[PDB]
């Protein structure tokens with residue numbers, strides 16, 4: 023909600039309270055999304071100030087407050103800053119920003135990250151260029167310096183992040199993306215490669231000294247219709263865990279497919295149909311293993327722009343004999359969102 | 023403070039900074055409220071959007087930021103989300119919301135939770151239906167579908183919450199409350215019962231497979247006068263700790279009484295007089311033991327609606343030979359509140 | 023940003039997103055400021071309500087959200103409440119507030135805490151009266167009851183804070199400051215002494231039962247020019263660590279000097295030149311050792327009041343044979359700030 027706007031500076035304070043609950047059988051240990059209360063809230067700000075006609079400064083922060091913890095010792099479980107960055111946009115020269123933000127390969131995966139509650143399985147956090155990461159400097163150009171309507175690109179520099187955990191770490195790397203949008207149609211190509219840290223290399227699963235990730239996407243976005251598809255692959259970048267051995271590391275190789283089809287009725291109802299499948303290849307020990315594999319059917323109903331509710335239903339196709347221990351049960355999420 | 027209100031959506035961003043200090047003798051280990059700096063702040067939002075004349079969507083989040091921690095490792099001590107839920111209210115049909123919110127038995131205990139700094143001792147957090155809990159779906163009806171002015175009820179479904187701690191856990195249960203308000207007078211009755219988790223049962227104190235809590239309340243609220251009284255009981259629901267043995271669990275049984283008398287002078291001064299006593303029965307090993315027992319005398323002075331200061335004084339009636347180790351010293355809280 | 027102002031109550035919600043990165047060689051273990059992503063954000067509120075013509079109530083809270091943590095287990099690293107207090111100001115009688123706030127000796131050190139990214143090295147947190155501490159009650163008087171323009175003083179009472187750590191702890195103490203400002207010129211004198219806790223005394227380094235800190239400051243602030251200087255000393259108050267022995271405690275004695283010279287060009291550029299040196303005397307075992315010692319050259323460029331960027335460069339004068347293990351390498355900070 024734009025709570026402030028004076029002297030060329032406008033501040034949008036935004037947030038939401040999401041009552042949420044997952045239904046899966048058993049202790050949801052073997053299901054797709056788990057089970058039980060998953061309530062949470064978000065609070066963030068996006069500011070933008072016009073330094074002059076061609077120059078704009080801007081910043082953004084967003085935090086995640088779990089609403090399913092007790093007020094006891096576990097009270098902070100799941101809380102975190104999702105985004106934190108500042109930047110400048112100059113005329114048709116492009117924008118530049120630095121901070122915790124989205125990796126460039128997500129310029130592609132974004133296409134199918136449209137499910138009511140699930141989806142976007144391959145867009146992991148602190149996992150190089152596919153989701154939100156810290157220490158990324160991003161340059162973006164729109165309409166090719168204003169010379170080509172619809173042609174955009176981006177290059178991104180990822181600074182080394184040596185964390186206590188191999189999962190949340192990364193070495194230096196570069197990434198880029200090129201996309202093109204013509205009247206409802208959009209196509210993207212994105213790619214990044216980075217150094218792996220000592221600790222990532224000291225891991226049991228996955229083998230290499232460089233991580234890679236690319237994804238391409240195609241979409242048709244117009245006339246109440248949204249159809250999108252993604253295909254990408256990765257080398258030693260996707261994190262996996264053998265639940266049996268309690269071993270961990272990264273998939274040597276994966277091939278990822280994501281399809282989404284949705285329609286927005288005029289009265290508020292937006293049905294969703296989706297398909298996801300990410301399979302790992304050459305896992306040291308297992309061979310080829312599915313990591314994610316399911317059909318999604320769900321629907322969101324918008325009361326207006328501040329209120330909505332939805333049911334997301336995962337029809338898990340993973341099978342009980344999955345070598346890594348990946349869960350095979352179904353999950354149903356029901357939620358009620360208020361937002362501003 | 024209502025910082026936003028356009029297109030039927032109004033956002034109230036609220037909060038407070040409370041400079042607070044407790045005075046108790048010794049290391050306040052044996053006193054009622056402890057001793058020393060207890061400064062803290064609150065930040066929350068309450069939004070409400072009119073989807074149409076009969077339908078309203080709404081959400082709320084509130085957080086607690088301790089102001090008495092260092093900026094060192096202990097910096098997060100005491101921080102937590104207090105409330106987080108979204109919901110809908112439809113015409114005279116009632117409201118429904120889901121998230122971290124107040125258990126229904128507090129519809130009763132609320133009556134006497136009016137002290138300047140203390141009071142409301144029996145309304146514990148993450149303790150089934152008496153205080154704030156996670157994963158509660160609540161239906162509330164006002165004026166009996168609009169057919170009976172002043173007659174309200176509520177039913178609430180509590181979802182299992184298996185936490186790492188027996189204190190912060192709960193099984194599934196249902197609760198309800200009926201209250202009636204006629205011209206300054208109000209009466210309430212509230213009740214809930216729930217399953218106890220394995221871990222709650224594995225505890226040294228308390229014995230059963232079901233937790234119960236009911237409370238009734240009576241109040242006279244008009245003419246600058248506020249007089250209220252509560253009486254309730256519980257089975258295996260109230261958490262207790264033997265300080266000697268360092269044993270823990272729940273009271274098999276308790277009987278709780280709370281009385282409050284206050285007056286609001288026209289110039290800002292609101293004196294308070296209260297009495298509280300909660301006694302546990304059949305504690306495995308001790309027999310009957312008082313858990314809370316005191317007189318309260320205090321006063322709040324309102325400079326206006328954003329500024330106030332108060333002194334709350336607990337005249338502890340617990341005695342030094344209390345079998346559980348419950349403290350017997352007095353405590354005096356002084357505080358200065360700014361809020362919006 | 024003043025997001026609210028009605029009925030004599032105005033709320034200023036403020037914050038910033040700072041994309042930040044440090045450049046130091048090696049693993050920045052031996053450099054002055056470290057190395058890598060240091061992105062972060064701030065969110066705070068300052069409220070003020072006019073109770074009547076002579077009386078004002080007010081409160082403030084400010085929090086620090088690190089933007090360089092993953093969304094994993096380390097997500098909360100560095101987060102904390104910086105300030106949290108409420109208070110009243112009455113006519114020319116003075117103001118009083120209580121909560122987590124700035125120690126009075128900082129009324130002096132503030133003079134030179136003006137560097138783009140570094141500086142203010144002696145103004146440690148939870149370190150008695152020099153930086154932000156919890157449980158301080160502060161009385162401030164301006165213009166000597168309105169009888170002497172430019173003459174101000176303050177007295178401050180610090181309540182004992184027994185934390186789990188000797189570094190973040192303190193006993194009771196009192197502090198005061200007197201300053202005088204005449205047309206661009208300002209002079210200050212500040213002083214405080216406090217009890218040290220058992221745990222502080224149980225430490226390997228430093229010896230005494232009372233901590234002291236005083237600093238004097240001189241400044242010339244006018245005509246786009248800012249020149250300031252500080253000199254202060256401390257007894258058993260400054261925290262130090264022998265990196266070799268991994269020993270810790272407080273410096274028996276230190277002598278601190280800080281000089282700053284800056285100029286604000288009309289077009290937005292504010293160059294900075296500074297010098298800092300804090301040396302410990304009588305360290306048990308080492309003798310005299312420098313703790314901080316460097317030249318700073320840097321510059322901030324203001325796009326407007328909401329957007330700026332800067333480069334701060336530390337020319338470390340500490341030498342590689344520093345007895346405590348204090349780092350000797352240089353550090354360069356580059357940052358881009360959006361704020362409101």
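Chains as they are written, first to last, in full-length UniProt numbering: chain A, 23 to 362; chain B, 23 to 362; chain C, 23 to 362.
Note that CB positions come from ideal geometry on N, CA and C, so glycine has one too.
Closer than 7 Å at the beta carbon, the chain C residues around residue i
i              : result
residue 329(B) : 71, 73 and 79
residue 229(A) : Simply none; closest approach about 23 Å.
residue 186(A) : 96
Proximity test, residue i beta-carbon vs the ligand MG heavy atom, cut-off 6 Å
i             : result
residue 74(C) : Among the components of this structure there are no ligands whatsoever, and the ligand MG is therefore not found.
Within chain A, the residues that residue i reaches when beta carbons sit closer than 7 Å
i              : result
residue 298(C) : By Cβ distance, chain A contributes nothing, its closest Cβ being about 27 Å from residue 298(C), past 7 Å.
residue 82(B)  : 39
Residue-chain proximity (residue i, chain A), Cβ-Cβ < 7 Å
i              : result
residue 323(C) : no
residue 270(B) : no
Minimum Cβ-Cβ distance from residue i to chain B less than 7 Å
i              : result
residue 94(A)  : yes
residue 344(A) : no
residue 218(C) : no
residue 236(C) : no
residue 257(C) : no
residue 143(C) : no
Residues that DSSP places opposite residue i in a beta bridge
i              : result
residue 122(C) : 106(C)
residue 226(A) : DSSP, once it has assigned bridges, lists no residue as partnering residue 226(A).
residue 149(C) : Answer by DSSP bridge pairing: none, since residue 149(C) is not bridged.
residue 117(C) : 111(C) and 162(C)
residue 317(C) : 297(C) and 337(C)
residue 261(B) : 272(B)
Supposed close pair residue i, residue j - CB separation, criterion 8 Å
i              : j              : result
residue 336(C) : residue 352(C) : 6 Å
residue 332(A) : residue 284(A) : That pair is no contact at about 12 Å.
residue 222(A) : residue 270(A) : Not a contact, Cβ separation roughly 11 Å.
residue 195(B) : residue 214(B) : 6 Å
residue 180(B) : residue 306(B) : Rounded, the Cβ-Cβ distance is 26 Å, inconsistent with contact.
residue 96(B)  : residue 314(B) : Between residue 314(B) and residue 96(B) the Cβ distance is about 28 Å, and since that is not below 8 Å, they are no contact.
residue 264(C) : residue 312(C) : That belief does not hold up - the Cβ atoms of residue 264(C) and residue 312(C) are roughly 14 Å apart, past 8 Å.
residue 114(A) : residue 165(A) : 7 Å
residue 303(B) : residue 274(B) : 7 Å
residue 346(B) : residue 209(B) : Their Cβ separation, rounded to whole angstroms, is 33 Å, which puts residue 346(B) and residue 209(B) out of contact at 8 Å.
9 Å Cβ cut-off: residues of chain A touching residue i
i             : result
residue 67(B) : 35, 37, 39, 63, 65 and 362
Within chain B, partners of residue i - CB distance below 8 Å
i              : result
residue 109(C) : 41, 358 and 360
Under 9 Å by beta carbon: chain B residues contacting residue i
i              : result
residue 102(C) : 91, 92, 93, 94, 97 and 98
residue 326(A) : 29, 30, 31, 71, 72, 73, 74 and 79
residue 106(C) : 39, 40, 41, 61, 62, 63, 87, 88, 89 and 90
Neighbour list for residue i in chain C, Cβ cutoff strictly below 8 Å
i              : result
residue 156(A) : 59, 61, 89, 90, 91 and 92
residue 182(A) : 58
Contacts of residue i in chain B (Cβ-Cβ under 7 Å)
i             : result
residue 23(A) : 26 and 33
Interface residues of chain C facing residue i [CB-CB closer than 9 Å]
i              : result
residue 189(A) : 92 and 94
residue 120(A) : 41, 42, 43, 59, 61, 356, 357 and 358
Chain-ordered neighbours of residue i on chain A, where CB pairs are closer than 8 Å
i             : result
residue 52(C) : Residues of chain A passing the Cβ test: none, with the nearest at roughly 16 Å.
Proximity test, Cβ basis, 7 Å: residue i and chain C
i              : result
residue 148(A) : yes
message = Quick check: the stretch 289-306 of chain B against the stretch 39-51 of chain C, are at least 3 beta-carbon pairs closer than 8 Å?
response = no
inquiry  = Under 8 Å, with one C-beta from each stretch per pair, do the stretch 198-207 of chain B and the stretch 174-181 of chain B reach the 3-pair mark?
reply    = yes
ask   = Would you say the stretch 160-167 of chain C touches the stretch 114-128 of chain C, given that touching needs at least three Cβ pairs under 8 Å?
value = yes
ask   = With a cut-off of 8 Å, do at least 3 Cβ pairs link the stretch 84-100 of chain B to the stretch 103-111 of chain C?
value = yes
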